[PDB]
Structure formats: structure tokens, C-alpha cells
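Single-letter residue listing:
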Amino acid sequence: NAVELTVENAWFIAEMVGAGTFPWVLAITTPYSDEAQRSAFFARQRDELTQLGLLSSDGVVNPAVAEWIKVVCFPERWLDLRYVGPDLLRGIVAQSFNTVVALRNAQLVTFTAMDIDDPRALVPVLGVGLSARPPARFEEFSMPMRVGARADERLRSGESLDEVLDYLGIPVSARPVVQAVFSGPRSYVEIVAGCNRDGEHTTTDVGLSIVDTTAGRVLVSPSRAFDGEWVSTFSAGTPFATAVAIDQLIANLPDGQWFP
Amino acid sequence: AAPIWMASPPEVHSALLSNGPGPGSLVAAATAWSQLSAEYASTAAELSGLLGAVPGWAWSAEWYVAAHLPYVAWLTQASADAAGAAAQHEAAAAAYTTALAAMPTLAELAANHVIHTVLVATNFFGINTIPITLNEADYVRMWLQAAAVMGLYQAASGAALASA
Amino acid sequence: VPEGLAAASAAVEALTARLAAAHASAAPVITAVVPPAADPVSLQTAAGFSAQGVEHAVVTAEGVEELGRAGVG
């Protein structure tokens, strides 16, 4: 039970509710580019929103939704979402008790209210934009990241993939699965945790990522090292090993993880 | 009419501003108002020194010089708001040059989007470096930088135009 | 023309001449200022600087003629 709308619809609600500016991951900008065109849309939007019912007679907005926007514009602890699949879908997971999630498929913002039930209740919403593959199995290994980011920089500058995935601490059982992610039918997402308990707000230096390729779902959980560097494990896409792989990322923030 | 700087991407803000004659037209007036202000003043001292050209018998009809002198006050107030306009123009010119150097380039914005497409192509190993996010976060930065610079250039140039 | 005021008459003529010379030399440049760019701010200020430029160029044009006509009696 929720509701969807467009980017121009969404922004108008921020003007009557007073939430302000949306998170820029949603890319919800202002529709019109001159106050001379303001009345045209101040009158066309209130006209379209009463057709959906969420906007009452004159200017009153639906309370079940006016709550969903305030918690999104100014949250306390959020989780940026950026799905990629051949077309990009992106949203945010806000919390303020209640938790409201939003998604924008390049034209349609869709809000939805969730709960803080358990660490396992978040694996659907982070695996709904993917292709919903079953978790694969392979030999887990952890390679340095700042060197692993140099690998992808070669592939994109014209480099072969089979002669570089061996120049790592690569096993033999995991070369078939890492070869399927550099293909057409594959999708991934980048998760960035954020908190706003200061005069400013902060996000994480790195982020969690899951990939639904042909071989199956793949978890990619980073972890801090002793020298301040980042190393990431490539494990199976367990819907329960991800719930712990994320509170790790949230621990990097001065507000600590959300719940044990 | 007064626009909104946020609805428009930085690509358009940088396009209008990057391409133009330049502030050289403003400074060409500043050095003409300041040249003009110096001649409004120089002629006031000649007017106040109008006497003495009456040789000996200053005597009769002194009403002649008595009627030209009052205009020396107009020449001083004219030399004032002239050198003020030279300051108004030179201010807007510096407002432009500093706003142009603070606007993100079209080529910068260009190189941003080409990086965003190749990240979509191949991004598996270096995926916890979150390049997709930091490349968009660099765009929204340029988005807000462009909108801020214009909002400030509107006020900086809106106050230099003011003249009581 | 009077007797001793000839020297004074020639002087005010050299004053109005000195003004109009430097007044017209800088007139076509203070009134014709182009916006350094296409953005609406540059367009609005370049119009204003030309507006208060032409108004100043005609008020001071009358003032110079008002000065020459001071010696009427």
C-alpha cells in the first residue's frame, strides 16, 4: 500500500508541506525556470493532484503522504540507491521509528512506508531493482580495492578480461562467475550510507554492492584495514550475509550501526 | 523577467556565459567615464578662475561673471556621479570575470557524462569505490555551483547597477 | 558685445568647447556598452548602463548650453 507520482508532481508537494529540497540522488529539480511561469504550474499541479485524490479540496495534502515526504527531504539516517541494468533506476531509504523508501525510474517517483522489523527486511528493497537471481556459490576471496579499481580502469581503456582476472589472488572456482558480470545481462547497485546528526551531514567513504549476474547473486562487502585502506570480500549473495554486510558500512558513520 | 537558476542544468548556464564579447566593453566605458570625470573637474577650476580675465577696470557689468560661476557646483556634482559610474562599470566587469572563472566549463561537464557511461559499461572490481555515485555527486556539485554563481552574479551586478 | 568682457566672453566659449569636445569623444562609448555574455544578468546590466548613459549624455548636453547662455544681458 503506497503511491507513485512524477518528478514535477513530487516537487510541488515540497512547497505546501515545506520539506524543502529532496535528496539529489533522486534528481528532483524544479520544473519551471521562471516565476512568470509559476502560476501556470502552481495551478496545473494542484489540478493534477486532486485528480489522484492525494490533494484535498483546496490545498490540504494527504497526511499519509505528507509524512512520507518530510522523512525523505530531511532524514536522519539514509541509504543512497543507484541501480544499473541495461536505463537507470535510483532511490533512497530514509528513516526518521518509521522508515520510508522512494524510487525514481527516470520519470516516476514511488514512495512506500516500511518498518524497522529486522535486518532481513531490507534485502527485498535492495534486491528489487536487480534481476532477482538466486544466490550463486563459489570460493570466497578478498582483494584490495584501490588496486581492484585500477583493474576496471584498464578494461575500459581497451583490455582483455581473461588475462587480468588471473593476475590477482583469484581462485579457480570463482573465475566463471566473475566472467559473467562483465557481460550484457547483468545488473548491480551501489549503496552509500548517510547520517545527519550535526550541523552538516556525512556519507561513507565506500559502499556496499550486490550484483545479479547469470551465475547468480554476488555480495561485495568492504572492510577497513589497519593502514586506512579498503579491502572487499567477494562472497555469495546470501540474503542474510548482506544484512550484516550493510550494518558494517553504517558502523563507519559516527552514529554507528542502526541496530544489533 | 527574473529566472530560476535551479531548474536549468549547469550546461546551459555555462553556455550563455562562456560565449560572448567579454567585459572589454564595460572597461571601455569605465575609462571613458573616468576620462569624462576628469574633464568635468578640470573645467570647474577654469570656471572658478574666470575672473582675472577681466583686466584692470573690473569695475559696471560684473553680473556677467556672477552668472557663470554658479554652474561650478553643477560641474562638481557632474564629475562626482561620473567617476561613480566608472566605478559601477569596473565593478560589473570584475563581477563577470570572477563569475566566468567560477562557472564549470562545458568541457568539464562534457567529460563528466562520458565517464558516467563507461562506468555503466564495466564496473565490478572497483565497485566499492562507488564511482557511479561520486561521478553523479560531482555533477550535482557542478549543478549547484552553476546555480550559485549565477545567483551571486545577479546580485553583484544588480547592486553595481543601482544608482540613487 | 561689451568692451572689457571680450576676454571673459572668449573664455566661456573655450569652456563649452572643451566640454563638448570631451563630451562627444566619450559619448558613443558610454551609451553603447554590450553585455559581456548572453546570460540574462549581463543583458539587464548592459541595458541599464546604456540607459543611465544616454540620460546623462543629454542632461549634460542641456547643461552645457545652459552655461553658454548665461551671458544674455
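Quick notes on the rules
Residues numbered from 1 in each chain as written, not as in the entry; some residues may be left out. Chains lettered and ligands numbered in written order. Heavy atoms only, no water. Residues with missing side-chain atoms left out of burial classes, pairs and counts. Helix = DSSP H or I, 4+ residues; strand = E, 2+ residues; numbered from the N terminus. Rg over C-alpha atoms; globule rule 2.2 N^0.38 Å. Buried < 20%, exposed > 50% of the residue type's maximum accessible area, 1.4 Å probe, protein only. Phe/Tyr/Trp six-rings, centres within 6.5 Å; stacked < 30°, edge-to-face > 60°. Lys NZ or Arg CZ within 6 Å of the ring centre and 35° of its normal. Core = buried A, V, L, I, M, F, W, Y, C linked by side-chain atoms within 4.5 Å. Contact = heavy atoms within 4.5 Å. Pairing = 2+ DSSP bridges. Patch = residues over 30% accessible without salt bridge, like charges linked within 9 Å, V, L, I, M, F, W, Y side chains within 5 Å. Areas by Shrake-Rupley, 256 points an atom, 1.4 Å probe, with all protein chains shown as cover. Salt bridge = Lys/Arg side-chain N within 4 Å of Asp/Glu carboxyl O. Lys, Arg positive; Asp, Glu negative; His and termini not counted. Charge placed at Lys NZ, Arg CZ, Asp CG, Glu CD. Axes fitted to C-alpha atoms, helices over the stretch in contact; angles between N-to-C directions. Parallel < 35°, antiparallel > 145°, perpendicular 65-115°, else oblique. Buried area = accessible area lost by both parts, 1.4 Å probe. Polar contact = N/O pair within 3.5 Å; in protein donor to acceptor, adjacent residues only side chain to side chain. Nonpolar A, V, L, I, M, F, W, Y, C, P; charged D, E, K, R; others polar.

- Structure determination for the deposited model, as stated in its record, used X-ray crystallography, and the stated resolution is 3.3000 Å.

What about the overall build of chain C?
In step 1: Within chain C, the secondary structure is distributed over three helices and zero strands.
In step 2: By the compact-globule yardstick of 11 Å for 73 residues, chain C is too spread out, its C-alpha radius of gyration being 18 Å.
In step 3: The buried share of chain C, reckoned over its 73 residues, is 42%.

Structural notes on the overall build of chain B
In step 1: When helices and strands are counted, chain B shows six helices and zero strands.
In step 2: The secondary structure elements of chain B, listed N-terminal to C-terminal, are α-α-α-α-α-α.
In step 3: A compact globule built from 164 residues should have a C-alpha radius of gyration of about 15 Å, whereas chain B, at 28 Å, is more than 25% larger.
In step 4: With the principal axes as the frame, chain B shows a C-alpha extent of 105 × 25 × 20 Å.

Notes on the packing of aromatic side chains
All names here are of chain A.
In step 1: What the rule picks out here adds up to 12 aromatic pairs over all chains.
In step 2: The rings of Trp11, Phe12, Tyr32, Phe41 and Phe42 are connected pair by pair, giving a single aromatic cluster.
In step 3: The side chain of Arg120 reaches across the aromatic face of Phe240, ending 5.6 Å from its centre.

A word on the nonpolar core
All names here are of chain A.
In step 1: Core analysis: the biggest nonpolar cluster contains 30 residues, and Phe22, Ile28, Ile69, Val72 and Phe111 have the highest contact counts within it.
In step 2: Counting residues per element, the ones that place at least two in this core are α1 (7–17), α3 (63–73), β3 (88–95), β4 (99–104) and β5 (108–114).
In step 3: Ranked by residues supplied to this core, first place goes to α3 with six residues.
In step 4: Look past the residues within four positions of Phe22 in its chain and what remains in contact with it is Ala10, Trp11, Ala14, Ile28, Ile69, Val72, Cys73 and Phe111.
In step 5: Counting residues in hydrophobic clusters, the runner-up holds 26 residues, among them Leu79, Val125, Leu130 and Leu253.

What about the pairing of β4(A)?
Residue and element names in this part refer to chain A.
In step 1: Buried residues dominate β4, accounting for six of its six residues.
In step 2: Bridge analysis of β3 against β4 gives six bridges, and the strand direction is antiparallel. Bridge assignment links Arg90 to a residue of β4, and that residue is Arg104.
In step 3: Here β4 hands over to β5 after three residues, with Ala106 in that stretch at a positive phi of 75°.

Quick word on a negative patch on the surface
In step 1: A contiguous patch of negative charge, built from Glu159(A), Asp162(A), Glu163(A) and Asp166(A), is present on the exposed surface.
In step 2: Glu159(A) gets classed as partly exposed once you look at its relative accessible area, which sits at 37%.

Concerning the packing of helix α6 (residues 131–160) of chain B against helix α3 (residues 40–68) of chain C
In step 1: Contact pair α6(B) / α3(C): the axes reach a minimum separation of 10 Å and the direction vectors enclose 5°. Viewed along their axes, α6(B) and α3(C) adopt a mutual orientation that is roughly parallel. Seen from α6(B), the contacting residues are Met150(B), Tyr153(B), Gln154(B), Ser157(B) and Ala160(B); seen from α3(C), they are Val41(C), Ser42(C), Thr45(C) and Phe49(C).

With respect to the environment of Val164(A)
Residue and element names in this part refer to chain A.
In step 1: The topology assignment puts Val164 in the loop between α4 (145–155) and α5 (175–180).
In step 2: For the pair formed by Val164 and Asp152, sequence separation is 12 residues and the distance between their alpha carbons is 9.7 Å.
In step 3: Those residues within four positions of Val164 in sequence are excluded, and the remaining contacts are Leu155 and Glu159.

Some details on the interface of chain B and chain A
In step 1: Listed as interface residues are 28 residues of chain B and, on the opposing side, 38 residues of chain A.
In step 2: Carbon and sulfur atoms make up 66% of the area that chain B and chain A hide from each other, which totals about 3,000 Å².
In step 3: Broken down residue by residue, the surface that chain B buries against chain A is led by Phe124(B), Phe125(B) and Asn128(B), which jointly contribute 30%.
In step 4: Put simply, chain B and chain A have two salt bridges between them.
In step 5: A salt bridge links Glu136(B) to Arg82(A), with the shortest nitrogen-to-oxygen separation between them at 2.9 Å.
In step 6: Across the chain B-chain A interface, the total number found is 19 residue pairs in polar contact.

Concerning the interface of chain B and chain C
Many analyses report the size of an interface as the accessible area lost when the parts associate.
In step 1: The interface is formed by 47 residues belonging to chain B together with 43 residues belonging to chain C.
In step 2: The junction of chain B with chain C conceals about 3,800 Å² of combined surface from both sides, 75% of it contributed by carbon and sulfur atoms.
In step 3: Among the residues chain B hides against chain C, the three largest losses belong to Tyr64(B), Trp74(B) and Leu161(B). Together they make up 16% of the total.
In step 4: With a shortest N-O distance of 3.0 Å, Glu39(B) and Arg18(C) are connected by a salt bridge.
In step 5: Summed over the shared surface of chain B and chain C, the result is 10 residue pairs in polar contact.
In step 6: Among the secondary structure elements, those contributing two or more residues to the side of chain B that touches chain C are α1 (10–18), α2 (24–48), α3 (63–68), α4 (71–100) and α6 of chain B.
In step 7: Considering every element that reaches the side of chain B that touches chain C, the biggest residue donor is α2(B), with 12 residues.
In step 8: In terms of residue class, the side of chain B that touches chain C is built from 32 nonpolar, 12 polar and three charged.

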